[PDB]
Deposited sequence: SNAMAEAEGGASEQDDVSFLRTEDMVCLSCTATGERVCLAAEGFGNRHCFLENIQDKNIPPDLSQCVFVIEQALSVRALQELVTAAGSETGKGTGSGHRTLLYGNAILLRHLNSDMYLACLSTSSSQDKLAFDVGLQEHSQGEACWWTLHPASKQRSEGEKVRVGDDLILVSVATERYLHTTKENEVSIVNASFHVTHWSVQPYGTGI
């Protein structure tokens, strides 16, 4: 219904230093992620480089077996986000190139093998709890399965970056069309 379902085209937005921004990526040459300022730019759904597809959604138990059909998303599920323009998957890179030496970079990878490309959903407040259907527009938390870090944005050098950090960021998922 009004929830996130598999195969949805969605944008992930938050607010870094007041501004509202969307998670974006280029693809072909550049494998790193970046943020787009959507602060009153367009509607909640922003432009092209901002579109990801919820390709798959597994339960905690399903993830184990799968590692070694419009499912609705449940808080606690592990999702797989494919960038539309590039057909690559949002993942946690092994390189740390931000000021925070403990954060890892988030970018794209060609294949969905291993844990680096999986992210579990978790509620941002107490208005939702594990097992519930994830409602569109809900503020949620994105946890890397591989690094045990949060999908995180922070301004460093007057620009909004995105990385995988021990510090949390609340993300809103708005679908397209």
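Extract from the deposited sequence all ranges with no corresponding C-alpha coordinates, numbering residues from 1.
According to the deposited record, C-alpha coordinates are absent for 1 to 16, 85 to 96, 206 to 208, which together make up the missing parts.
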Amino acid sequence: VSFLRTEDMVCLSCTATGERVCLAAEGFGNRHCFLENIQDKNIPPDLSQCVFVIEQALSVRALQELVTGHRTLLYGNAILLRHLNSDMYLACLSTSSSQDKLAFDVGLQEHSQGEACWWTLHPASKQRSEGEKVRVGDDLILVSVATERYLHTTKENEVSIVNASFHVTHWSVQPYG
From here on, numbers count along this sequence of modelled residues.
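Mean CA temperature factor from the deposited coordinates, higher in 69 to 77 or in 84 to 92?
Here the higher of the two C-alpha B-factor means belongs to 69 to 77.
Using the B-factors recorded in the PDB entry, average over the C-alpha atoms of 38 to 46 and of 23 to 31, then report which stretch comes out higher.
Averaged over C-alpha atoms, the B-factors run higher in 38 to 46.
Sort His152, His111, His122, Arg135 by C-alpha B-factor from the entry and give me just the highest.
Among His152, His111, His122, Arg135, the highest C-alpha B-factor in the entry belongs to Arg135.
Pick out which of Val51, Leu63, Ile54, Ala146 has the highest C-alpha B-factor in the PDB entry.
Spelled out: the listed residue with the top C-alpha B-factor is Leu63.
What third of the chain does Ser13 rank in for C-alpha temperature factor, lowest, middle or highest?
CA B-factor rank for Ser13: middle third.
How does the C-alpha B factor of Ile161 compare with the rest of the chain: lowest, middle or highest third?
It falls in the middle third of the chain.
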